[PDB]
Amino acid sequence: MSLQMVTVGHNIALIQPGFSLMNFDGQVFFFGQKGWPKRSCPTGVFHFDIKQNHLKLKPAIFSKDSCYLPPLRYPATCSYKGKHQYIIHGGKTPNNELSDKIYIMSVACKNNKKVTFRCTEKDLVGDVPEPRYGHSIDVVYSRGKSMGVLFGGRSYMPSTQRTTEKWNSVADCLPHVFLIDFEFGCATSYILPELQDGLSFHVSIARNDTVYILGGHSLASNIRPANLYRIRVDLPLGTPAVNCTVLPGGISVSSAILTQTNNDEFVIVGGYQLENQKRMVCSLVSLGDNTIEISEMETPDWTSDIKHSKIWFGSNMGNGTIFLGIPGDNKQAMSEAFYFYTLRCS
Amino acid sequence: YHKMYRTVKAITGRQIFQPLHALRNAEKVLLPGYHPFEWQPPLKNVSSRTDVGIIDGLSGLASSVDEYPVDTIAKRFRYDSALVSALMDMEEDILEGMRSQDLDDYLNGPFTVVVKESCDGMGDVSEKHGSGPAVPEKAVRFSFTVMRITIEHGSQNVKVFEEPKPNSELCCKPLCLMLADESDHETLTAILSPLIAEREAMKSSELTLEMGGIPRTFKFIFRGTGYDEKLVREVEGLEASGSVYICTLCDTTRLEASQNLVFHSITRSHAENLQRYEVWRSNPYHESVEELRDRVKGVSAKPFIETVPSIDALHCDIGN
Ligand SMILES: [Zn+2]
C-alpha cells in the first residue's frame, strides 16, 4: 500500500524479466541472472540486499558438495518447511532449451554474515512430466506427510510435430497434475474431468489440505479463463486421492504475484487482463478452514511513469514487500532502459 | 530505371532495355525457392515444401505480452533452398570447370561441396542528422560461402572448382539478418538455433538436382571458421577474456604460456567440451570452486555451435 522508488547498484544488466527472489530468515537472494555466469560470480545467485531504497547485488558462493546449475528464466518454485529449503524445477535455459530436473536449494552454512548454499538436484521415475515453463509447483501436507503438487504451463511441440519454420512456436501442455514424492522421486500423472485445457502464468495458493488456482492465460483460444479452481488433495495409507471443484468468483488475470502479508492472509498485485491493456487494480484474498474469498484494496497510487508505460514484471521478497521493475522510455534516449519500484504492502 | 527505360525507348524507337515486370521475373528466377529438387534421406524435422523464400527469422516466436519481451527484427532464408539456389547460380561455372578438367559433360555425382561458415555484426547502422543521439542500433548478419567443389572418378579425386577470393565482399551469401546486439546472448541463440538444426539434419543427407539436363547427387561438409575471437569465446562457452585460459586449441594457462612456448598440441573439440560442461553441471567429486575452474579449463556455458577456429596474418605480425 506504499510505492517506493529504488536506486540501483552498478550491475544492472544481470537483471532480466523472469527472475527468482528467494528468502531465508528474512535474508533474500537473487537467482536467474542474464547471460551466463562470469568470473565475478561463478554461480549466479546474489545477496539481494537493499538499504535506504538502494540495492546491491553482491555475490554468494556454494559449498563443496553443491551442484551447479544454469539460470532459469521462467521456472516454478515453492517453500519446503520440513529444516527449511526451497524446491525449484522447470524453467528455460539461457540458450532457450527446457530442462526437467528438480533442483533443491538448501542453506549449507552461514557464518560471520557470509552464507553458503548446498544445491542438490533430484530426478524422477515413472510418469515424468515433459519439460515446461510458466508452470506451478506447490507443497501440501496431509497426515503429517508432505507431497508436492504440480500443474503445467506450456511447452514446444513434440519431436514429430516440430519443423524448421515453426521451431520456436509453443503450445499448452496436457491438463494433468503430478504427485511428486521427494523421498524416492515417484511421479504420477492424473487425468481430471473438470479440467479442460492448458494454462500459463496462473496464480497458485496452497494451504494444507487443498490448493487454489487463479487466473492465467490459455493459449488454446487466446483468452484469460476467468474461473478459479479448488483442488482438494488427500493422501491416505493406500493410493492418494486427488479432487477438484469449480467455484465462481474467479478474476481474469495473468502473470500476477502473490505475497503473504499476515498469517493465512495473502495479497495479489496487478498483472495483465488483456494483452492490449495492463491490469491496474490489485486484489487480496483471505483463507479460512475451507473457505476462500477474494478482496480488493484501496487501489494504491502509482507514478505516472508506470501509467504511461506498456508492460512490467516482478516478484516478491517474502516479507510483505513486492519488488518490481519497468522498461524505461527510449524516446527520451537518456535512460538505463529499466527502472524499479518496491511496493511494501505491510 | 523506369525513367531511363522509357526515355531511351522513346529516343531510339527501339526497345533496348527491358520493362519492370520482366525484371521481376528475371529476379524471381534467381531467388531461393524456385527450382525443384529432392533428398535421398527424407530430412527429418524439415518441411519438404519446395517454394519458400524469405521467411520470418523468428521461426514463429512468442511476441505476446505475457511472454519474455523481444523487439528485434530478423529475416532469414531456409538453409537448403538457399544452398540449392547457390548451386543453380554456379551451374554454368561448374559445367565449364568439369569440361576444363578433361571430363565429360555427362557425369552423375556425388559432388562433395566444402562450405565456409561465418557470422559477424556490423556495429551501428543509424542515420540521425540531429535530434541528439538517436539509438545505438546494433545488428548482425549470418552468412556462408561456397569454398570448393570436388569430385572423384573411381578412386582418383579432382578439385573441380576452386574460388579465387575467399574473404571478399562478392561471395558472402547471407542466410539471416537481425537487428540485435552481438552479445545479447539469448535472442541470438534463439534465432540462430533452427538454422543449426537444419545444418545438423543436412549433415547426413543426399541432395539430388537437375542442373545439366541430368540428375546430380551431392554431399556436404561444413567448416565453421569465419568467426572472430570475442564471438568464438562467447558462443562456444569459454571465458570472455580475463581468464588464465587464452588458447582456444591448447589448455595452456597464461602462466605456462610464458613458460612453455611451443611444446603443445590441439586438444579442444566439441564433444569433449559438451562432456566438460556436463562435468561442470554434475560436479561428481564435490570439489571446491577453483579446482573445478582449473579442471574444466574455462568451460562455463553450454556449447551449442560447432566451430573449427583459425587466425589471420594481420594479427600474427601485429602481435609480433
Ligand atoms: Zn595453445
# chains A, B, ... in the order shown; residues from 1 in each chain; ligands from 1
call {"tool": "interface_residues", "arguments": {"of": "chain B", "to": "chain A", "cutoff": "7 Å", "atoms": "only C-alpha atoms", "output": "list in words"}}
result
residues 45, 46, 47, 59, 60, 61, 62, 65, 66, 68, 134, 185, 186, 189, 190, 194, 198, 280, 281, 282, 283, 286, 287, 288 and 301 of chain B
call {"tool": "residues_near_ligand", "arguments": {"ligand": "ligand 1", "cutoff": "7 Å", "atoms": "only C-alpha atoms and all ligand atoms", "output": "ChimeraX atom specification"}}
result
/B:247-252,264-266
call {"tool": "closest_residue", "arguments": {"among": "A:81, A:56, A:305, A:235", "to": "residue 10 of chain A", "atoms": "only C-alpha atoms"}}
result
A:56
call {"tool": "select_by_dssp", "arguments": {"residues": "segment 24-240 of chain B", "states": "strand (DSSP E)", "output": "PyMOL selection string"}}
result
chain B and resi 38-39+54-56+74-77+111-124+138-153+156-162+173-178+207-209+216-226
call {"tool": "select_by_dssp", "arguments": {"residues": "segment 107-233 of chain B", "states": "alpha helix (DSSP H)", "output": "MDAnalysis selection string"}}
result
chainID B and resid 185:202 229:233
call {"tool": "write_last_selection", "arguments": {"atoms": "C-alpha atoms", "output": "PDB file, in the first residue's frame"}}
result
ATOM      1  CA  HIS B 185      23.011 -13.902 -25.857  1.00  0.00           C
ATOM      2  CA  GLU B 186      19.554 -15.430 -25.559  1.00  0.00           C
ATOM      3  CA  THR B 187      17.966 -13.619 -28.510  1.00  0.00           C
ATOM      4  CA  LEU B 188      20.968 -14.511 -30.654  1.00  0.00           C
ATOM      5  CA  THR B 189      20.908 -18.219 -29.901  1.00  0.00           C
ATOM      6  CA  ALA B 190      17.106 -18.275 -30.076  1.00  0.00           C
ATOM      7  CA  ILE B 191      17.148 -17.033 -33.640  1.00  0.00           C
ATOM      8  CA  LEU B 192      20.202 -18.969 -34.756  1.00  0.00           C
ATOM      9  CA  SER B 193      19.265 -22.367 -33.298  1.00  0.00           C
ATOM     10  CA  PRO B 194      16.843 -23.590 -36.044  1.00  0.00           C
ATOM     11  CA  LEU B 195      19.458 -22.961 -38.721  1.00  0.00           C
ATOM     12  CA  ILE B 196      21.821 -25.058 -36.616  1.00  0.00           C
ATOM     13  CA  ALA B 197      19.127 -27.746 -36.539  1.00  0.00           C
ATOM     14  CA  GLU B 198      18.795 -27.564 -40.317  1.00  0.00           C
ATOM     15  CA  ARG B 199      22.563 -27.842 -40.671  1.00  0.00           C
ATOM     16  CA  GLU B 200      22.836 -30.911 -38.485  1.00  0.00           C
ATOM     17  CA  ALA B 201      19.907 -32.513 -40.283  1.00  0.00           C
ATOM     18  CA  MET B 202      21.631 -31.742 -43.574  1.00  0.00           C
ATOM     19  CA  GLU B 229      37.725 -14.009 -31.375  1.00  0.00           C
ATOM     20  CA  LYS B 230      35.240 -12.404 -28.992  1.00  0.00           C
ATOM     21  CA  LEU B 231      32.396 -14.270 -30.649  1.00  0.00           C
ATOM     22  CA  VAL B 232      34.057 -17.689 -30.656  1.00  0.00           C
ATOM     23  CA  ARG B 233      34.881 -17.272 -26.967  1.00  0.00           C
TER      24      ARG B 233
END
call {"tool": "atom_distance", "arguments": {"atom1": "atom CA of residue 214 of chain B", "atom2": "atom CA of residue 39 of chain B"}}
result
15.6 Å
call {"tool": "residues_around", "arguments": {"residues": "residue 261 of chain A", "least_positions_apart": "4", "cutoff": "6 Å", "atoms": "only C-alpha atoms", "output": "VMD selection string"}}
result
chain A and resid 265 to 266 320
call {"tool": "residues_around", "arguments": {"residues": "segment 104-108 of chain A", "least_positions_apart": "4", "cutoff": "6 Å", "atoms": "only C-alpha atoms", "output": "PyMOL selection string"}}
result
chain A and resi 85-87+116-121
call {"tool": "write_last_selection", "arguments": {"atoms": "N, CA, C and O atoms", "output": "PDB file, in the first residue's frame"}}
result
ATOM      1  N   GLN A  85      13.859 -25.100   3.238  1.00  0.00           N
ATOM      2  CA  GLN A  85      14.587 -25.020   1.980  1.00  0.00           C
ATOM      3  C   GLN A  85      13.591 -24.721   0.868  1.00  0.00           C
ATOM      4  O   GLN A  85      12.379 -24.701   1.088  1.00  0.00           O
ATOM      5  N   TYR A  86      14.109 -24.488  -0.335  1.00  0.00           N
ATOM      6  CA  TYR A  86      13.271 -24.237  -1.497  1.00  0.00           C
ATOM      7  C   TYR A  86      13.412 -25.345  -2.527  1.00  0.00           C
ATOM      8  O   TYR A  86      14.475 -25.946  -2.696  1.00  0.00           O
ATOM      9  N   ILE A  87      12.307 -25.590  -3.225  1.00  0.00           N
ATOM     10  CA  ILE A  87      12.238 -26.571  -4.297  1.00  0.00           C
ATOM     11  C   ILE A  87      11.970 -25.814  -5.587  1.00  0.00           C
ATOM     12  O   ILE A  87      10.982 -25.077  -5.681  1.00  0.00           O
ATOM     13  N   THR A 116      26.576 -19.709   2.659  1.00  0.00           N
ATOM     14  CA  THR A 116      26.850 -20.596   1.536  1.00  0.00           C
ATOM     15  C   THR A 116      25.656 -21.519   1.353  1.00  0.00           C
ATOM     16  O   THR A 116      24.828 -21.640   2.261  1.00  0.00           O
ATOM     17  N   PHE A 117      25.571 -22.166   0.195  1.00  0.00           N
ATOM     18  CA  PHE A 117      24.415 -22.975  -0.161  1.00  0.00           C
ATOM     19  C   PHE A 117      24.821 -24.398  -0.513  1.00  0.00           C
ATOM     20  O   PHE A 117      25.992 -24.701  -0.736  1.00  0.00           O
ATOM     21  N   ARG A 118      23.819 -25.270  -0.569  1.00  0.00           N
ATOM     22  CA  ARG A 118      24.009 -26.711  -0.665  1.00  0.00           C
ATOM     23  C   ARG A 118      23.104 -27.310  -1.733  1.00  0.00           C
ATOM     24  O   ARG A 118      22.323 -28.227  -1.472  1.00  0.00           O
ATOM     25  N   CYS A 119      23.177 -26.753  -2.945  1.00  0.00           N
ATOM     26  CA  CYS A 119      22.321 -27.149  -4.061  1.00  0.00           C
ATOM     27  C   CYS A 119      22.474 -28.607  -4.470  1.00  0.00           C
ATOM     28  O   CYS A 119      23.570 -29.054  -4.819  1.00  0.00           O
ATOM     29  N   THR A 120      21.361 -29.338  -4.452  1.00  0.00           N
ATOM     30  CA  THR A 120      21.286 -30.698  -4.959  1.00  0.00           C
ATOM     31  C   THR A 120      20.147 -30.789  -5.962  1.00  0.00           C
ATOM     32  O   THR A 120      19.191 -30.014  -5.909  1.00  0.00           O
ATOM     33  N   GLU A 121      20.256 -31.738  -6.882  1.00  0.00           N
ATOM     34  CA  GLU A 121      19.184 -31.993  -7.829  1.00  0.00           C
ATOM     35  C   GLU A 121      18.588 -33.374  -7.585  1.00  0.00           C
ATOM     36  O   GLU A 121      19.194 -34.234  -6.943  1.00  0.00           O
TER      37      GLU A 121
END
call {"tool": "atom_distance", "arguments": {"atom1": "atom CA of residue 211 of chain B", "atom2": "atom CA of residue 88 of chain B"}}
result
6.9 Å
call {"tool": "closest_residue", "arguments": {"among": "A:343, A:308, A:111, A:193", "to": "residue 329 of chain A", "atoms": "only C-alpha atoms"}}
result
A:308
call {"tool": "atom_distance", "arguments": {"atom1": "atom CA of residue 220 of chain B", "atom2": "atom CA of residue 112 of chain B"}}
result
5.6 Å
call {"tool": "residues_around", "arguments": {"residues": "residue 79 of chain A", "least_positions_apart": "4", "cutoff": "12 Å", "atoms": "only C-alpha atoms", "output": "list in words"}}
result
residues 21, 22, 23, 24, 83, 84, 85, 86, 87, 88, 104, 105, 106, 137, 138, 139, 140, 146, 147, 148, 205, 206, 207 and 318 of chain A
